[PDB]
**Q** 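My questions all concern the structure below.
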Amino acid sequence: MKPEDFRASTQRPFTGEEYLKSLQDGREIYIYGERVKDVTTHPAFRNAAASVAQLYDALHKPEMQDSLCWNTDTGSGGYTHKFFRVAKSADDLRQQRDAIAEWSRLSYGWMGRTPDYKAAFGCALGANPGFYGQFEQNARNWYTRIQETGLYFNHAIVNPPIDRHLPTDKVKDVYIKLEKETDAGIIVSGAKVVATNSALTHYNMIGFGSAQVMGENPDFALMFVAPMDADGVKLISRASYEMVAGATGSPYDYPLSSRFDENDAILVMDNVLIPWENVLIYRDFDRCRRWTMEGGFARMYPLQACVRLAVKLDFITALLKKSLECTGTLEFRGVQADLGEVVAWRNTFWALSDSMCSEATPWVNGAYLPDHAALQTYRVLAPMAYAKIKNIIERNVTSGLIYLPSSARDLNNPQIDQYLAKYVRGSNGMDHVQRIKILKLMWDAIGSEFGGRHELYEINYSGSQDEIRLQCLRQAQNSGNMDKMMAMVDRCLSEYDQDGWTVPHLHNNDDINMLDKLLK
Amino acid sequence: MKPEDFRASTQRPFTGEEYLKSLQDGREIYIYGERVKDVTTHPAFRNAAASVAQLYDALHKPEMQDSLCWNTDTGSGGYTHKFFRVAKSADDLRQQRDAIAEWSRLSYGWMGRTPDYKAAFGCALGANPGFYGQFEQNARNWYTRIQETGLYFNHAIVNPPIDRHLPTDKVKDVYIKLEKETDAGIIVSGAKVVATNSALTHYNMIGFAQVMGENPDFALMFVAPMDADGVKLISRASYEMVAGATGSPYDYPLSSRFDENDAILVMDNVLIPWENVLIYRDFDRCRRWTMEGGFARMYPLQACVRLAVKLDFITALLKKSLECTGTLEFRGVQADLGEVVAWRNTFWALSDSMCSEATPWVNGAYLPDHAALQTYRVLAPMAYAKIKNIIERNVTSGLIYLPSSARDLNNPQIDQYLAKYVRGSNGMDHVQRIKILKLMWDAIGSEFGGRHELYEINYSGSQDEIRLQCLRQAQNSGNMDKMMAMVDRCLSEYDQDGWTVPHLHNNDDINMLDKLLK
Amino acid sequence: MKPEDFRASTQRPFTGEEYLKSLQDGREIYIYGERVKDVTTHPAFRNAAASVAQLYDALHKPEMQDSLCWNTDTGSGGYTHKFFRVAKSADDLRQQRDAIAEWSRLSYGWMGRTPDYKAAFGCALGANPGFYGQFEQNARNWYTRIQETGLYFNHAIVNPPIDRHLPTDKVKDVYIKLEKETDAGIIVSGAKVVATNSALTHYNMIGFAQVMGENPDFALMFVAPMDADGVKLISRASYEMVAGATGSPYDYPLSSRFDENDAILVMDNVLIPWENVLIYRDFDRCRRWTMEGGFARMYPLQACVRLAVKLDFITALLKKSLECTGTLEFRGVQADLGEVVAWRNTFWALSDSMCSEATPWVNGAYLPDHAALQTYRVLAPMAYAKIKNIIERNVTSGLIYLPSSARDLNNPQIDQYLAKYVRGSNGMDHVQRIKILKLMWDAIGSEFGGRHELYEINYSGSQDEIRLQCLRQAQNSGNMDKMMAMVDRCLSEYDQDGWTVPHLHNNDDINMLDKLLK
Ligand SMILES: Cc1cc2nc3c(=O)[nH]c(=O)nc-3n(C[C@H](O)[C@H](O)[C@H](O)COP(=O)(O)OP(=O)(O)OC[C@H]3O[C@@H](n4cnc5c(N)ncnc54)[C@H](O)[C@@H]3O)c2cc1C
Ligand SMILES: Cc1cc2nc3c(=O)[nH]c(=O)nc-3n(C[C@H](O)[C@H](O)[C@H](O)COP(=O)(O)OP(=O)(O)OC[C@H]3O[C@@H](n4cnc5c(N)ncnc54)[C@H](O)[C@@H]3O)c2cc1C
Ligand SMILES: Cc1cc2nc3c(=O)[nH]c(=O)nc-3n(C[C@H](O)[C@H](O)[C@H](O)COP(=O)(O)OP(=O)(O)OC[C@H]3O[C@@H](n4cnc5c(N)ncnc54)[C@H](O)[C@@H]3O)c2cc1C
């Protein structure tokens, strides 16, 4: 039973109901010391699963289908989310940018690992399948499959944060490695860092870590895909903000934690058989080193991430204004100036996504890639912008983020509520129910455990502070951008020497230099 | 004589030679306690004048006309710099963006007040002349004049930094005001804060301590020639003259040719003819001009591109400087340079968005994306201060381990030690190493570098003001209401009793609080 | 002739006049492609020399001797600056802190390499002479000599910024190395990075691209007179000369008297007598000197006080500058000035802690709190860059709305407009307003201001190195192990089954997970 066989039609991706049915499979997930029986009904995952299911439902609704979907390029006569099909122009990238924005708005920018994130991987396979050599047909088939079905992939690429001071092949007891080569496929074992929302995915792409030196053993030089229900695949979940908010809070108290929690799970592979049809790069140091620059994925996914963050910043910006209307401090110059800077950061990420599309270039086989410099720029700025925005919220909303009753239960008890109505009202006529609601929404965005995890995510998810900057420099150098900037500096330098100007339009200083007269 | 009458043709802007001749007028400029006889030959201005003259020469080069010029829209059959005529599409704005970049590369991004900066004012007059009421014909004529000739305007808008704690009605002894209304025109007196490069301009636009007040004699906008009686400039110290008198082009390569003197602008009982008046004793038009005039919604396109060109230069110069010292091999150094690259990329991406998201305005004119203009203004001071700190903390002693002068290289007694001990890393010779690092020092640490940091931090407004204007744009455009509609939708999806949407599970079956607090 | 033989008495340090006479020796200095005949009269050095001479004169003033001087500990019956003799208590360090502050106030915190900076080296030699083995007597003699005379030392320790990607063994064509061992002493050649104010010093201590390597010919520490054959300086541009040639004291008040020329130090086959050798072909002593020598554990007391004095000056000057513009009335401006006040307070509080937490070392000597020294080094670059940004973003156009020269005030034709339009706020006259703002600009934006920013950011090491050394101090002192004992205690108070301490309640009675996940 293929997960896409739950669809009532082969000419469209899953509906939300078919997607939920596709998750009631053999996946082996652990949380709070027990195996999850059904991820769609379990109290740690049911609402995050329902939230992803809503994205699938939106693909078929007349109210969103046109902004979200295109026909497939496969000859099936079907349709798919625009970002699941290879772009072949700058306008195609702009349409994909808008389709990503529309889906992201459904979670207010809070779900960062929705199916469109890894759809860029499906497109990378379809745009350049020749890169994979003997595995070219697997790349072509995987592109067709992902595009037609809307299959939900995530990736587990970063190695566990253990023995970082050593090359990947020197942490053999932990990192993903080839165990055995057989006729049916390859046996792999090891673990990857947290695989965000992988409990709700169909497949994971398992790839080599690029920020850590690989070494000299080719058994670590692998790229392949694994279904979430493959025997030996195990997820060990982190604490569930969804379950905690359900057990000890309410949607009113924790409105984001209760529906958008993407569990960052440890991914374990215990002697998993990967069929040859799922192998993409095999014991190949050459292809592993070339994949970041030639594969296309690294040159596609930040378009999705930049738009998703820009949507979250649309939400945070207006929510900060709403929060300041609660306290009444929005009337002050300093407060307005701080909110104005949040507006500037919000505007920045939308402008970067515009440039990604307008400056797009042809690649291979007619495929277009977004502006690579803009992708690297989003990665560098986002951690700085996010940390600054959170600090601005805390230093302006101040006590408004803590002057809040424990629970919706307090509002529902008239003995407590009578005091909340009088003493916890909003400024200028706003009732206490709305005031507490707005400020709890802001606190869940930045200070709840979910808010704290989101700050950790925005700071680190695409790489360390040094790595994102190194990659930004490498792009400038590899593209020829640095050589073009250097040609301008070399022109400036060529216009004079130790004797004076070499250009005839400027005046030498022989008639005005006073040093001989002063020193000789 | 009109400055444009120096042109041998009415079908093109000035050549560099005609531009220089046009500055040899009756202008009253002071520097170092003396009157400046001729800005084109004076040692404080001659090279900055020659640098601007090069921009005019570039307009007439066949290899550069495709990027720099377009036909006029006046019916003269002439041509002009692309940014001197009203944009009528997103593509027109992109071509203007490129024409600004091409001119800016001629000064490596260091001249921030070149003729294209105020060409946006000429275009604002041409795009919306109806805004000016009875002065509509002046707006139309000034647009035609600026466009055809390439007339060099600057503006003096910011009031002197005196009694900022008071409104623009309680400091009448200093600020620009109407003093007499006559048949020939208006008599004005007062001063404006530094008018950058105004010593080399043909005209200055004079426009309205933030809060204006209640006296309409201060509610003015008009044009003044640089050679009108009573118009005078009191110059600041000349980095060009100092670099010439005590340095050399090798030692101070930017100071020696790109210094834009920030002069105090004084108007002493100046007669402004009615043909030069645009807004007269009109608080309503003065308050509406920032949002309806167009200029405030056009010039940051020029300034963002000009900065992005300077960042192309600084980025590669930082790489060159780190190649000198050999520290470019280290991870931390590469990461810091990578961040400079990210800031450089940002300002180009903002200029892209300004053009692609452009909107129709009035009479077929297009305006760049307003949010992107406000974003450039907010980010630029932070990016510039951060980039300078990154250079200083990475190039470190390389910026000071330099001989005093090109005279040290030209003395073999000293040069023998420079050749051995002040060589560049991995085979680079000492002449090139010292040259690169002196170029970087002139960009950030010389008095010229220091002034450029003060300029990038402040020129479009105080830190609070640029942020306030960014917020106002979000509110006035409807952007804030659209972001708010998303927050209100999120809020509408639940209440104190649970979800109001049917796809989510209520917590009644899992909430343990009742069972826990008996 | 010995430089101290210029003194009319052996029982006190130099007077200013004797100090100036002592500099009129055979020193080989270059600037602007020419040999400097006499540093005391040359226009690039005369005022900086006069400024140092004033510090020596202050030692002999009865009104200042209580704060500045103590008896020598040598048995000579003489006196010296307090920081020139070994501290033997926390109170001795506090009195030295005050004596440093008093001398620093004479240059308003702008001279960072005055004779008291290297007096810490003289004290390090006197406190632990046994460290130097066979060179112990040289350490004792040098301590006595520096203490009694007030000899002016600087140090040249940092290698030229060339081939930083290589160790101090693979750049032999540049770095200081032993070339010959003889009966009279050692022959050395090489260069060091800028030796701040070395043109005005008597001697330089020469000491060991970070990683040293494996060749012991580079493992040296020794003293060299400024007039030894082969010792020479190649000066950087002179802010003093430039301010004199093209400015005035009114226009550049700090550049004109406190410029400490950052000179390239060259040693060409210099003979160093054995009496001047301290560490010889000894990797063991070179590696142990940073932790056992004492100097690295003494000089940041001088530097922290000197910066705190400069911050007293900058803080009040920022208030004065904001009184000029009138913006001091606004909340945001007052808040920014308040932060400058907080940074100024910090460096004084660090100097307090350096003294009160002082510890015994060897032979009765006391050392300031090592953690506070490392903290000053880490915070100072961040505080300085932030303070400069605060000044620029608040004083804004006040720093550029200034006439070129005192010559503008002395020309009534220009001065009439300065009096009206460049007056200060609320009654302050234009002469005082321009004077205050030019003083602030010379502090931060002139080439001297730019060099001072580069100095404060980098002089004690790169951003990573100062932080690494701060961490190493925490580890080596046992501070980190004591902080770790608290974290280990916290961890020991529970395990995977619950609390291990009896005062806390386990969650068995309230944990709902079993009941929820059936
Ligand atoms: C909430 C969250 C969700 C995530 N989801 C996913 C996911 O779905 N899939 C996935 O594959 N990954 C995921 N990640 C991992 C993420 O991509 C990484 O955290 C990021 O790439 C940084 O790598 P790292 O954690 O190994 O940090 P490191 O690379 O180990 O950096 C830590 C520190 O060590 C330094 N350092 C490390 N190596 C070196 C070196 N060789 N030389 C010098 N300094 C070095 C760094 O500069 C930094 O200061 C997620 C992370 C978070 C926080
Ligand atoms: C090198 C340089 C070149 C320039 N060239 C030109 C030019 O050619 N033409 C031109 O017209 N201008 C020019 N300017 C002026 C520039 O536009 C201004 O400096 C800028 O607009 C900031 O205004 P300001 O200097 O008056 O600072 P201010 O507005 O006075 O700000 C200083 C401080 O006071 C605070 N403040 C001021 N007013 C208030 C208030 N009402 N309420 C609360 N806080 C307040 C600010 O928040 C800030 O902290 C130039 C400036 C520089 C530095
Ligand atoms: C105005 C001024 C006056 C001075 N006066 C004196 C004086 O009188 N006497 C004196 O001896 N010195 C003096 N100095 C030198 C000063 O002490 C040094 O600049 C400081 O120690 C920093 O060392 P550096 O310049 O070699 O920088 P570097 O150490 O070369 O650092 C530059 C960059 O390279 C990186 N880097 C360097 N090496 C490594 C490495 N191995 N691994 C990783 N990254 C690395 C750093 O992290 C940094 O990002 C002065 C400096 C200045 C600016």
Side-chain angles (χ1 to χ4, degrees), chain A residues 113 154-159 161 164-165 192-198 207 209 211-213 264 333 337 453 456-457 459-467, chain B residues 113 154-159 161 164-165 192-198 209-210 262 322 325 327 330-333 335-336 393-401 451-452 454-455 457-465, chain C residues 113 154-159 161 164-165 192-198 209-210 262 322 325 327 330-333 336 393-401 451-452 454-455 457-465:
Chain A
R113 200 55 51 87
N154 185 24
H155 62 193
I157 287 172
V158 174
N159 295 315
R164 272 282 182 280
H165 59 111
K192 286 284 178 189
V193 268
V194 297
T196 306
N197 221 36
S198 280
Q212 201 171 357
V213 180
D264 304 295
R333 174 190 175 98
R453 175 270 175 198
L456 188 72
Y457 178 87
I459 291 173
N460 295 298
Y461 96 91
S462 88
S464 70
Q465 298 316 300
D466 290 349
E467 202 51 49
Chain B
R113 202 55 51 87
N154 185 24
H155 62 192
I157 287 171
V158 178
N159 295 315
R164 274 280 181 278
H165 59 110
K192 286 285 179 188
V193 81
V194 297
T196 306
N197 221 34
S198 286
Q210 287 300 331
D262 304 294
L322 299 162
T325 67
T327 65
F330 303 116
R331 174 190 177 98
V333 174
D336 266 356
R393 79 194 192 198
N394 286 285
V395 188
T396 65
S397 65
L399 291 172
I400 206 78
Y401 183 75
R451 175 269 176 198
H452 263 269
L454 186 72
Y455 178 87
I457 291 173
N458 295 298
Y459 95 92
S460 88
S462 70
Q463 299 314 301
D464 290 350
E465 202 50 60
Chain C
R113 202 55 51 87
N154 185 24
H155 62 192
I157 287 171
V158 178
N159 295 315
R164 274 280 181 278
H165 59 110
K192 286 285 179 188
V193 81
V194 297
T196 306
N197 221 34
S198 286
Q210 287 300 331
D262 304 294
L322 299 162
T325 67
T327 65
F330 303 116
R331 174 190 177 98
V333 174
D336 266 356
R393 79 194 192 198
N394 286 285
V395 188
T396 65
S397 65
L399 291 172
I400 206 78
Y401 183 75
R451 175 269 176 198
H452 263 269
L454 186 72
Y455 178 87
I457 291 173
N458 295 298
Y459 95 92
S460 88
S462 70
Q463 299 314 301
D464 290 350
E465 202 50 60

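Naming: A, B, ... by sequence-line order, numbering from 1 per chain. What you see below is based on every heavy atom in this structure, not just the backbone, and it leaves out hydrogens, waters and symmetry mates. Atoms within a ligand are numbered from 1 in the order they appear, just like the ligands themselves.
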**Q** With a 4.5 Å cut-off on side-chain heavy atoms, are B:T325 and C:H165 touching?
**A** no
**Q** Measuring from non-hydrogen atoms of C:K192 to any atom of ligand 3, is the shortest distance under 4.0 Å?
**A** no
**Q** Could you tell me whether B:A195 approaches ligand 2 through its side chain, its backbone, both or neither, with non-hydrogen atoms closer than 4.0 Å?
**A** backbone
**Q** Measuring to protein heavy atoms, does anything land under 4.0 Å from atom 38 (N) of ligand 1?
**A** no
**Q** Answer yes or no for A:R113: is there a heavy-atom contact with ligand 1 below 4.0 Å?
**A** yes
**Q** Taking only heavy atoms of A:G463 into account, list the atoms of ligand 1 that are under 4.0 Å away from them.
**A** 20 (C), 21 (O), 22 (C)
**Q** Identify, for atom 16 (C) of ligand 1, the protein heavy atom at the shortest distance, and state residue, atom and that distance.
**A** A:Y461 O, 3.5 Å
**Q** Quick one: which ligand 3 atoms are inside 4.0 Å of a heavy atom on B:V333?
**A** 33 (C), 34 (O), 35 (C), 49 (O)
**Q** For ligand 1, find out whether one of its N or O atoms is nearer than 3.5 Å to an N or O atom of A:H155.
**A** yes
**Q** State whether any protein heavy atom lies less than 4.0 Å from atom 27 (O) of ligand 1.
**A** no
**Q** For atom 20 (C) of ligand 1, what's the nearest protein heavy atom and its distance?
**A** A:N460 O, 3.2 Å
**Q** Between C:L322 and C:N394, is any pair of side-chain heavy atoms under 4.5 Å apart?
**A** yes
**Q** Going by heavy atoms in the side chains, are A:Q212 and A:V158 under 4.5 Å from each other?
**A** no
**Q** Is there a nitrogen or oxygen of B:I157 sitting under 3.5 Å from a nitrogen or oxygen of ligand 2?
**A** yes
**Q** What atoms of ligand 3 come closer than 4.0 angstrom to any heavy atom of C:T196?
**A** 3 (C), 4 (C), 5 (N), 6 (C), 7 (C), 8 (O)
**Q** Which of the atoms of ligand 3 are close to C:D464, meaning less than 4.0 Å from one of its heavy atoms?
**A** 47 (O)
**Q** For atom 48 (C) of ligand 1, find the nearest protein heavy atom and state the residue, atom name and distance (0.1 Å precision).
**A** A:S464 CB, 4.3 Å
**Q** From the options B:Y455, C:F330, C:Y401, select the one whose nearest heavy atom is closest to atom 42 (N) of ligand 2.
**A** C:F330
**Q** Do you see a protein non-hydrogen atom under 4.0 Å from atom 33 (C) of ligand 1?
**A** no
**Q** Measure across B:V395 and B:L399 and return the closest heavy-atom pair with its distance rounded to 0.1 Å.
**A** CG1-CG, 3.7 Å
**Q** Going by the order shown, which atoms of ligand 3 are within less than 4.0 Å of some heavy atom of C:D262?
**A** 1 (C), 3 (C)
**Q** With heavy atoms of C:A156 as the reference, note each atom of ligand 3 found under 4.0 Å away.
**A** 11 (O)
**Q** Can you tell me which portion of B:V194 lies within the under-4.0 Å heavy-atom range of ligand 2? Options are side chain, backbone, both, or neither.
**A** both
**Q** When only distance counts, is C:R164 in polar contact with ligand 3, meaning an N/O pair under 3.5 Å?
**A** yes
**Q** Do C:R393 and C:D336 come within less than 4.5 Å of each other through their side chains, counting heavy atoms only?
**A** yes
**Q** Check whether any N or O atom of C:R451, backbone or side chain, sits under 3.5 Å from an N or O atom of ligand 3, and answer yes or no.
**A** no
**Q** For ligand 2, indicate whether the residue A:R333 contacts it via side chain, backbone, both or neither (heavy-atom separation under 4.0 Å).
**A** side chain
**Q** Is there a polar contact, in the sense of an N or O pair closer than 3.5 Å, between A:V158 and ligand 1?
**A** yes
**Q** What class does the angle between the rings of A:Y461 and A:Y457 fall in, given that below 30° is parallel, 30 to 60° is tilted and above 60° is perpendicular?
**A** parallel
**Q** Quick check on A:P161 - does any of its heavy atoms sit under 4.0 Å from an atom of ligand 1?
**A** no
**Q** Mind listing the closest non-hydrogen atom pair of B:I157 and B:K192 along with its distance?
**A** O-NZ, 2.8 Å
**Q** Could you tell me whether C:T327 approaches ligand 2 through its side chain, its backbone, both or neither, with non-hydrogen atoms closer than 4.0 Å?
**A** side chain
**Q** May I ask whether C:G332 places a heavy atom under 4.0 Å from ligand 2?
**A** no
**Q** Check B:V193 against ligand 2 and report side chain, backbone, both or neither, counting heavy atoms closer than 4.0 Å.
**A** side chain
**Q** Taking non-hydrogen atoms only, is C:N394 closer than 4.0 angstrom to ligand 2 via side chain, backbone, both or neither?
**A** both
**Q** So if I count the atoms of ligand 3 from 1 in the order they appear, which ones are less than 4.0 Å from some heavy atom of C:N154?
**A** 8 (O)
**Q** Side chains of A:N154 and A:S198: any donor to acceptor distance under 3.5 Å?
**A** yes
**Q** Relative to atom 19 (O) of ligand 3, which among C:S460, B:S397, C:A209 owns the nearest non-hydrogen atom?
**A** B:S397
